[PDB]
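Residue numbering restarts at 1 for every chain, and letters A, B, ... go by the order of the sequence lines. Side chains are part of it too, since the values below use all heavy atoms of this structure and drop only hydrogens, waters and symmetry mates.
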Amino acid sequence: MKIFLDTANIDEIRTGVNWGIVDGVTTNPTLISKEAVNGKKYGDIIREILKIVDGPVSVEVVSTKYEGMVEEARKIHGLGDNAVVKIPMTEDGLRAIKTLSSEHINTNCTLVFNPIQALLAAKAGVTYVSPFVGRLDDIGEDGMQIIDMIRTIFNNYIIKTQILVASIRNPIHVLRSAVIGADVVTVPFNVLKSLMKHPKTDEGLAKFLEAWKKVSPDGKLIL
Amino acid sequence: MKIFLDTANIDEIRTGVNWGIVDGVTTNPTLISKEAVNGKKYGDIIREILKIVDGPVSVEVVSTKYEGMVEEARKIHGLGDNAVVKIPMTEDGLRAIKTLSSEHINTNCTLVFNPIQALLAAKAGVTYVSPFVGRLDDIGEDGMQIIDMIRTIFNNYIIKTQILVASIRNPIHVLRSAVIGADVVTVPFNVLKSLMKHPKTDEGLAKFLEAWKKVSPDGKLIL
Amino acid sequence: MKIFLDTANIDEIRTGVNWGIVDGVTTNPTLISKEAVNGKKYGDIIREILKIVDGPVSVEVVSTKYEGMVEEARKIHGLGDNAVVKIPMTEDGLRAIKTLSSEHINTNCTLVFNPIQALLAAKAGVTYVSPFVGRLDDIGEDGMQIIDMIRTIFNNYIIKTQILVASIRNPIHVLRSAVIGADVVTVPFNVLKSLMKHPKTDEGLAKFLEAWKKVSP
Amino acid sequence: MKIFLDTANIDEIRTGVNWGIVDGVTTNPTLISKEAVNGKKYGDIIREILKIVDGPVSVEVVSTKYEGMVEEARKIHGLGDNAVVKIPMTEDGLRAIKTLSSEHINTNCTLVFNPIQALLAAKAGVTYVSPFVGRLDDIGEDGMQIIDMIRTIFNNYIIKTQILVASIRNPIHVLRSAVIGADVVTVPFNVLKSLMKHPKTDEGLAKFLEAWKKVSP
Amino acid sequence: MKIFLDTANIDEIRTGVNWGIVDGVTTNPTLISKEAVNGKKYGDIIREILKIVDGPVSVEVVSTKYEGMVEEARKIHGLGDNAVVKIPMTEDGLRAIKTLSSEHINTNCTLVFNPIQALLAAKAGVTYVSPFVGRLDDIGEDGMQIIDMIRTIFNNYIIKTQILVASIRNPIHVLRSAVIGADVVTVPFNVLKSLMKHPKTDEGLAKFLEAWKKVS
Amino acid sequence: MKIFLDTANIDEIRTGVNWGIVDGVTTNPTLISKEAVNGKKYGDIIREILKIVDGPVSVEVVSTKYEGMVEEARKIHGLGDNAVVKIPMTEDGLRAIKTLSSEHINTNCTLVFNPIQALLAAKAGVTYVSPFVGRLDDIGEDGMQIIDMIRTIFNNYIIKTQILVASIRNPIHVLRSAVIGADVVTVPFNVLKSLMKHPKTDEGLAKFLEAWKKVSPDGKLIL
Amino acid sequence: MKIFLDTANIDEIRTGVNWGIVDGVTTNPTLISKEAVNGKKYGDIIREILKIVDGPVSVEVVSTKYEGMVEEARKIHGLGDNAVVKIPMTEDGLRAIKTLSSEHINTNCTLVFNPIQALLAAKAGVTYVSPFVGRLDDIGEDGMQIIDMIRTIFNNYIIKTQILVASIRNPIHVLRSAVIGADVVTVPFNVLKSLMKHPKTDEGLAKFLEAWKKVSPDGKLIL
Amino acid sequence: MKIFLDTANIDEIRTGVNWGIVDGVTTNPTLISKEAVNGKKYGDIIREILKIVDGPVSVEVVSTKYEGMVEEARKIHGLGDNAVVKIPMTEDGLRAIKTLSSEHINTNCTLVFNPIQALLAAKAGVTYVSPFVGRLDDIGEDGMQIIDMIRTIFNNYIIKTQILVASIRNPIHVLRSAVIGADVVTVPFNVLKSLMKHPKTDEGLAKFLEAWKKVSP
Ligand SMILES: *[C@@H](CO)[C@@H](O)[C@H](O)[C@H](O)COP(=O)(O)O
Ligand SMILES: *[C@@H](CO)[C@@H](O)[C@H](O)[C@H](O)COP(=O)(O)O
Ligand SMILES: *[C@@H](CO)[C@@H](O)[C@H](O)[C@H](O)COP(=O)(O)O
Ligand SMILES: *[C@@H](CO)[C@@H](O)[C@H](O)[C@H](O)COP(=O)(O)O
Ligand SMILES: *[C@@H](CO)[C@@H](O)[C@H](O)[C@H](O)COP(=O)(O)O
Ligand SMILES: *[C@@H](CO)[C@@H](O)[C@H](O)[C@H](O)COP(=O)(O)O
Ligand SMILES: *[C@H](CO)[C@@H](O)[C@H](O)[C@H](O)COP(=O)(O)O
Ligand SMILES: *[C@H](CO)[C@@H](O)[C@H](O)[C@H](O)COP(=O)(O)O
């Protein structure tokens, strides 16, 4: 399972990449607007993320019409080969995915909330599809059940579109995604950081330290 | 999963093909008769649909006897190589499917209401079998359970006949067909258009448009 | 399981009542506005249904504020004892239900789309809660799964609010509702008409008639 | 589970009542007209069965309209207190069942092929409902699934209508009915006889006889 | 679950009755023809079993016809109030069970091999029904599955007939009967003795012994 | 299922109670410290919540020793009959619950993370037990599974201690709690507010409004 | 679920009783022999445990023959009315249980390793049956599955013998026993103390203490 | 499934190796510090184990920082080709594993307590991951459920990291690990010793010996 960071905060992205556990980044207009404050331009933020991340970087069109979408997608693709164009699940978005797929431009279909929307995006040729589990949780439906159905459907037809679980809110979204077999999760930085941690890991490290001081007062392994 | 349009309405077909999510079309005598009004003749309708649709176009015979069915089927086949001849599940229909199968004329067995009818159509060599889920629902049995049994039977024997779910009435027939792994669904136009829609998709677009306007007064992505 | 008719069409209601299988009626503002045309007044339509139907008849408030809902609910209640006041699942609606329940005015909470909304309506004291299965099907979620969860939740807490399955589109919504154990279904007229029918019933009647004609022409 | 005989053949009925495992009888116009031959009349056949069978005896109306159904039913009822009026699942039949139940006349709703038809018959007050499992098998659906759903639905609503499994064709329809918990099965005579039999029973009787002769010639 | 001994052997019955865990006895014509050899008469063997065993003791008729079975059953009844008359699953057996039930004579229907035979016996009023699990195992059918179905059917109809699992061959027939909830099992003596034993019981006794010898 | 509000913010508590959907409140030292800023005293905050909430109000001891715990619990009980004393799962806490139970003071055992801790608190006589589902989610275990086991255990022994699901983070914690059959959930205000809402409720209200304007231009129901 | 302490160590028993979560005590000849050293005699140990523990105290006979077991059991019964006589699953033990049952002397059948042994002990009238889960685990079969089958058998026949899970080695034997619905567990002291503990409980205490110090410098709740 | 011995006790390791059933050894700082007493030096203990054991031998770094872990790992690797460097699941540990994996130094990620930590270690390229089942049991969670999830996750993504079940306390951890399909278990000596044994094995040997003594005294 690939793990992407879902943010536009450059500091978070730098830190996650240095742990070596971040395989890419997803952005959206809200995440970018959060960082385009106090002089910082959205164009510079996007270019910078593409620079520092070796994996895929998803960047969303802002046009809602077919022609604006494919025009902006070709501009986004032009910025770096790791750019992936995020496109919403709409009539015009499906048309844009089909065109861009034929042009060998990688695409990510976003704002997906049920399995048949995800299948429609796969049939248009999309590279990734992003179902939003946290926003389903918000409206009182267990969002992970949609991921489970998409995985089954994609397995049934040997679909090569990658399932990219998005709107992740907690580590159990991540655990359940891995058990189901989703291709990718994209996670906020706070969630990323929590995935490495466990209180028994902490306790065990402290007990090992104390036992080793019995045999080596300076606490080193001299071999 | 392939998605066919279940209509003889030229505008619906043109619209859905323009969307890029329609892989073919199924008709029947009732659907054609509803459009063959105010001067239009059934032969114009069929030829025009064959022209618009690149994928399979299923066209039903009206004869009930073997010789008439095979004669009709060869005429239908002559209208275009994407024509598929729709034949009912009857003794003379099975005989006709076996004859036409040997002539490499593609066939679609219709009016199928249980799994063993579907198996017999596959054994006659039919290209597609069309169980009618909505008409089973009408008589108080869950039609999707027949699709599930057909999928299992066909998997058991590596049957190459495609399961073409028909009499579809709502998007959950479509969801369940995909989770089962049916090869094709054929859907009325009202159903097709609904498949792309979700209220959280609309809500999410509106929020992203608002976030975009905070960083770009005009509303145009400049990269 | 009680079976209600989901329409404001007086002709449908008369026909279904004469068949003996209709236990009540549900309406909503769209259903009424469809009939209240070409001179027909919405007040008359509501009053006519209340007179024809012995069982519960649900009529929806149109106000969105607490005070306006309670005022409208009292006028609806005053139209006949079988009137039930349909109230949407909103903050003001839950307050209104709580007040009307203490006034012993029967209530039906509508526009419910998940099980926790249904639970909230039950906690407000509502007589019926109406989850919409067909509108969930519309958006690619099997609506009957919400009915199954509400039945479990209501059984857990011995909740006396009745589950009234609404937005029904086909007879398998009805079948699944009965197997789950919902208290009520409300069905459109073309669904109601199909529930008595089966092709093997028709075939068996024809065979029995031919058999009888051999012994008594 | 009660066990009824599904026949109009008086010799079968007498033989099976002589076994003491038959709790009642069902008939239909086809079964009666098979035995109404060689100058035998359908009225005498019915009266003879009623006399010989202590249990319920189901006898089908031949009218298709409500008023004819109800007049026939009362005449059937007047033939003996153990008569049960068999009425088809139709709009007129449900109306007739509702009337007859209020008159304390026992009823059996027949030609039922799915669980919601069975529910409608129970809501009309019917004493027994008869889903036809074998005719469902004939058209490629496992008929016993319908029995299982009706048992669940009736349990959900504490329905007192008895499930009377009909159109029975083999002993596994009977076994599955008992495991599900159907109230009654009605079986043809050749199925009834087979229910007592098993090859290991016969083989065991032979070995016990053979061992018995060892110690007692 | 009640536990009966399935034998005509006076020594086995007496030993198991000494252990305090045997609740009743079943016999059959083959079991009794094995003990009625070299000067033993079947009549004495039955009376001695009846006398030793407080609980129910089933004794099978040998007649095949209704009249003979009912007359034999009354002779069996007259032998002791704890006598239970074992009657095979046949037409005349079902008629005899019904008559004997009306006379308040306890009955045990035997040679039952599927659940619907068991149900018919219950409908005739029988006190116990004895499905034969080992003989089903013999012909390649897991006989405990018939017990499970009979339990479900009897539960469905609140049937008061007791399920008496017979033809028991091993301790897992016994375990599965208890997990299903059969009312009674009847077991041969080899099987009965084995039910108390386990090698970890033996090992634990020796270890407690050794530990106690360090203190006394 | 009772629904408590998990906050010490007086405004949130006032608002939730007026919806009539709030059955009580839980607090803890962190939630109270958040509101004891800029002159406001913790004692006044506690007394005020007890005043405005008719249902149970859980207030946590801060002593870690048996004697300090029962002393503070008797003070908390003295403030109002709706006070419930929150006591942590520790050796001294169990001893305190047993004493206070014998004094007919209602208790809530908190900081519970597995089912056997919850059983121990029930055996001491505690009125409520509070397993922390969100903090289990944080450490990569699905916290709702512990609620399911506690419900089973309590059912097995007819335990009268109420299960009060705490550390709730989203509406699916609430949904799963209700399906399991927990006695109580305690929820932050943001979660509470989301429970009433659904996008199809919004859309349906707008459609009903529009249809009614066809028959009543002023949008009233005149009867 | 009742919790007994499985030890003859007086200090452990005193400590665990002081905690209020111990409902009784089980011993055996090995556990007593480990404490009957350095002058202490086995009779002092038993009498002292009987004095400390208000609940049942199980004390094992050492005879292997029926007459010795019943004579020992009457002496044990005379030490105090909370004494329960532990008797092994043997032919003479079953005879002894039946005799003692009639004398209204409470009994505990030990060295039980399968469900039918447990059923036979119940049929002899035993008060408690003690299957040994850890010793089954030692020989490669999951001992808790025997507890599960015993619970089902006893439920089937409304058996009043209490299931007393013994040879407990870890807290998951305890968890599974409670989820199954065993009547009693008996646990070594090391296991008992661990049952209350969880690292997130400790972490949560520490955070609440910190939040408290922000509003109360001394550290005392004043109401 | 490979079976490792989880100890630094040279006598246990010698004994287990001579039995032929030990495929490798795991150690940790507590296990080594227990043996490195009364003159015994930890360097000598590690070197002696590496010589005795043909299979993998895991030895844990004690540094907590990236640079110190990699330096210590290189010294461990240099002690013998069968050495495996045990690295805790921390941020610095994952960086260290990634570097050592690219240097073709085998690694074992330890102190893992849920399935997503195990996945992170696998993504860093670790040769073995060691989830601790017994320490989870300690805190009231069935540790074997984490092994089951990791096996599923690893199967989903065709992960080549081996699952090394650690903190094993009893033979049922071992049984359940094999049924799940874990790659490796590491067991303490008293668990290892019990795996070959069964009381019915012992009893059957005694019976066969008595049988043989009847034909060849
Ligand atoms: C041809 C077979 O695929 C189709 O056109 C079918 O006739 C229709 O799908 C049947 O649908 P209705 O039951 O709604 O007529
Ligand atoms: C009232 C609630 O019981 C009913 O009239 C509902 O508004 C309708 O059942 C909803 O149906 P549609 O989704 O078909 O509008
Ligand atoms: C009356 C309803 O209980 C019965 O006589 C039914 O008509 C028959 O059981 C139907 O059987 P066939 O399907 O074999 O006609
Ligand atoms: C009487 C009925 O309970 C019993 O004696 C049975 O005949 C035997 O249990 C049958 O045993 P076999 O199959 O081993 O003969
Ligand atoms: C008496 C019966 O409950 C207990 O003391 C048991 O002897 C022990 O629980 C057995 O435990 P070990 O297997 O650890 O000796
Ligand atoms: C190394 C990881 O494979 C092992 O030595 C582990 O540290 C131990 O297996 C952990 O065991 P304890 O929980 O018993 O310390
Ligand atoms: C791109 C789609 O993969 C992502 O940036 C999504 O927009 C976010 O993951 C959505 O998350 P929120 O629901 O929390 O905005
Ligand atoms: C009292 C226990 O019911 C509550 O106030 C709990 O402390 C909180 O629910 C814990 O939630 P957080 O984990 O989010 O602090």
Side-chain angles (χ1 to χ4, degrees), chain E residues 204 207-216, chain F residues 66 91-92 94-95 98-99 120 123-124, chain G residues 2-63 68-88 96 100 103-111 126-128 130 132 162 164-168 183-196:
Chain E
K207 289 186 165 176
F208 284 158
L209 178 65
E210 211 165 4
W212 179 251
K213 292 197 175 182
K214 301 185 190 178
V215 127
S216 179
Chain F
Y66 170 80
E91 301 174 9
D92 282 54
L94 290 174
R95 300 176 51 212
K98 192 173 178 147
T99 300
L120 291 177
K123 297 175 60 59
Chain G
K2 298 192 214 66
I3 297 172
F4 291 0
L5 206 47
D6 194 19
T7 194
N9 187 291
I10 313 289
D11 288 325
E12 296 173 356
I13 292 163
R14 178 171 291 101
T15 291
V17 165
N18 285 8
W19 283 341
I21 64 162
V22 167
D23 304 306
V25 164
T26 65
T27 75
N28 67 48
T30 304
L31 293 167
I32 296 175
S33 74
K34 155 167 64 177
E35 313 301 337
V37 298
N38 297 19
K40 286 177 57 176
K41 310 305 187 188
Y42 60 97
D44 297 346
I45 290 173
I46 298 172
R47 289 167 163 80
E48 192 168 358
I49 293 169
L50 284 170
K51 181 185 194 176
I52 294 175
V53 182
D54 301 0
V57 173
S58 185
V59 176
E60 187 154 351
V61 304
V62 298
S63 318
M69 287 173 171
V70 174
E71 287 173 5
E72 283 193 70
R74 295 175 187 140
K75 281 290 188 165
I76 292 168
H77 180 62
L79 298 181
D81 276 340
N82 59 330
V84 175
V85 182
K86 191 181 278 193
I87 296 172
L100 296 165
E103 301 183 11
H104 305 128
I105 291 178
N106 291 324
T107 52
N108 176 10
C109 183
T110 189
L111 290 175
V126 80
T127 322
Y128 306 84
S130 287
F132 277 36
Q162 287 182 62
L164 193 177
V165 183
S167 197
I168 284 180
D183 304 281
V184 188
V185 294
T186 190
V187 302
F189 184 77
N190 70 308
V191 173
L192 182 78
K193 55 163 169 170
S194 71
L195 301 185
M196 299 165 173

Quiz item: Out of curiosity, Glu12(G) CD to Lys193(G) NZ, how far, rounded to the nearest 0.5 Å?
Solution: 9.0 Å

Practice problem: Could you go through the side-chain contact (heavy atoms from CB on, under 4.5 Å) check for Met196(G) and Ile21(G) one step at a time? | Solution: CA-CA 10 Å; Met196(G) 299 165 173; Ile21(G) 64 162; 3.4 Å; yes

Practice problem: Carefully, step by step, assess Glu35(G) and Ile10(G) under the rule side-chain contact (heavy atoms from CB on, under 4.5 Å). | Solution: CA-CA 9 Å; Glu35(G) 313 301 337; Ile10(G) 313 289; over 6 Å; no

Quiz item: With sequence neighbours left out, which residue pairs that include part of residues 68-78 of chain G fulfil the side chain to side chain donor-acceptor pair (under 3.5 Å) condition?
Solution: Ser63(G)-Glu72(G), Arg74(G)-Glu103(G)

Quiz prompt | Point-to-point distance, once rounded to the nearest 0.5 Å, from CZ of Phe132(G) to OG1 of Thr110(G) | solution = 3.0 Å

Exercise. Specify the closest pair of heavy atoms between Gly204(E) and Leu111(G), including all atoms of both residues, with the distance to one decimal.
Key: C-CD1, 3.9 Å

Quiz item: What are the two closest non-hydrogen atoms of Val187(G) and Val185(G), and how far apart are they?
Solution: CG1-CG2, 4.0 Å

Quiz item: Is the backbone of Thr30(G) close enough, under 3.5 Å, to the side chain of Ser33(G) for a donor and an acceptor to pair up by distance?
Solution: yes

Quiz prompt | Approximate separation, where rounding is to 0.5 Å, of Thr26(G) OG1 and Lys86(G) NZ | solution = 4.5 Å

Quiz prompt | Main-chain N/O of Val25(G) paired with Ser58(G) side-chain donor or acceptor, under 3.5 Å | solution = no

Quiz item: Going from CG on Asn82(G) to CD1 on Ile49(G), what distance comes out if it is rounded to the nearest 0.5 angstrom?
Solution: 11.0 Å

Exercise. Go through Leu120(F) and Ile3(G) one step at a time and tell me if the side-chain contact (heavy atoms from CB on, under 4.5 Å) criterion holds.
Key: CA-CA 9 Å; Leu120(F) 291 177; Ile3(G) 297 172; 3.6 Å; yes

Practice problem: State, with a plain yes or no, whether a side-chain heavy atom of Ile13(G) is found less than 4.5 Å away from one of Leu5(G). | Solution: yes

Practice problem: Give a yes or no answer on whether the side chain of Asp6(G) reaches the backbone of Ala166(G) with a donor-acceptor pair at less than 3.5 Å. | Solution: no

Exercise. Apply side-chain contact (heavy atoms from CB on, under 4.5 Å) to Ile32(G) and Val215(E), showing your working.
Key: CA-CA 9 Å; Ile32(G) 296 175; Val215(E) 127; 5.7 Å; no

Quiz item: Any chance NZ of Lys123(F) has more than 12 other-residue heavy atoms, nucleotides or ligands included, within less than 6.0 Å?
Solution: yes

Quiz item: Please, which pairs that meet ring pair (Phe, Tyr, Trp, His ring centres under 6.0 Å) have at least one residue in residues 8-60 of chain G, sequence neighbours excluded?
Solution: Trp212(E)-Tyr42(G), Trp19(G)-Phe189(G)

Exercise. Please report the shortest heavy-atom distance between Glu60(G) and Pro29(G), naming the atom on each side.
Key: OE1-CD, 3.5 Å

Practice problem: May I ask you to decide if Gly24(G)'s main-chain N or O and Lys2(G)'s side chain share a donor-acceptor pair within less than 3.5 Å? | Solution: no

Self-check item: Pairwise side-chain contact, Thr27(G) with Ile46(G), heavy-atom cut-off 4.5 Å (strictly under)
Solution: no

Exercise. Mind listing the closest non-hydrogen atom pair of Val85(G) and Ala73(G) along with its distance?
Key: CG1-CB, 3.5 Å

Quiz item: Would you find a donor on one side and an acceptor on the other, under 3.5 Å apart, between the side chain of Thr107(G) and the backbone of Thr127(G)?
Solution: yes

Self-check item: Heavy atoms from other residues, nucleotides or ligands near NZ of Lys40(G) exceed 12 (cutoff 6.0 Å)
Solution: yes

Quiz item: Sub-3.5 Å donor-acceptor pair from the side chain of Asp183(G) to the main-chain atoms of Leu164(G), do we have one?
Solution: no

Quiz item: Are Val70(G) and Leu100(G) close enough that some pair of their side-chain heavy atoms sits under 4.5 Å apart?
Solution: yes

Quiz item: Quick one: are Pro88(G) and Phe208(E) in side-chain contact, heavy atoms under 4.5 Å?
Solution: no

